[PDB]
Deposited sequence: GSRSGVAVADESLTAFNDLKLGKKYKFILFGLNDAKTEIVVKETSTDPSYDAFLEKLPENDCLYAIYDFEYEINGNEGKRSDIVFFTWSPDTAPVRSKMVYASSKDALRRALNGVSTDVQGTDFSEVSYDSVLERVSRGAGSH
């Protein structure tokens, strides 16, 4: 790692706050920049469909996500690590090494999901996690 390690980009925190407090986005996808020095916003979305979210997860690459998980009204902020088994090993490793920098910067997450396949991130699987407590 570098001396300071990966930073969370200002835009990532701004987007998170806009979702959390403003409902500006339904979800945010975050990733490492190509320099592997900052966690940046890959994409935001206002699509209410959980399938539209799933359909944006790269089948063979990693990301992080925040989802405003709504169910009956309740709204819980869910953090995902997305690290599918078919992603390259060095990518899984750097996403794992960098996760804490983002995750510790985001206040107000209710539930975490360690997504390694599509079953683990299904709506019903996430509902079970958010609901249990």
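Peer 1: Do you know which deposited regions have no coordinates at all?
Peer 2: Deposited residues absent from the model fall in 73-78, 140-143.
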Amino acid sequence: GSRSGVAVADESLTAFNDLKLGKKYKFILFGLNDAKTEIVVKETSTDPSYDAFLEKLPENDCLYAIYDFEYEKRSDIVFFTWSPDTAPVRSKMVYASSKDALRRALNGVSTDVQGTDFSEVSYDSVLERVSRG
From here on, numbers count along this sequence of modelled residues.
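Peer 1: Going by the average Cα B-factor in the PDB entry, point out whether 81-89 or 39-47 comes out higher.
Peer 2: Between 81-89 and 39-47, it is 81-89.
Peer 1: Do the CA atoms of 54-62 or those of 96-104 have the higher mean B-factor in the entry?
Peer 2: Of 96-104 and 54-62, the stretch with the higher C-alpha B-factor average is 96-104.
Peer 1: Which has the highest CA B-factor per the PDB entry: 21, 109, 113, 15?
Peer 2: Checking the PDB record, the top C-alpha B-factor among 21, 109, 113, 15 is at 21.
Peer 1: C-alpha B factor of residue 6, ranked within the chain: lowest, middle or highest third?
Peer 2: For residue 6, the deposited C-alpha B-factor lands in the highest third.
Peer 1: Consider only the C-alpha atoms of the modelled residues in this chain, order them by B-factor as the entry records it, and name the third containing residue 68: lowest, middle or highest.
Peer 2: For residue 68, whose C-alpha B-factor we compare with every modelled residue in the chain, the answer is the lowest third.
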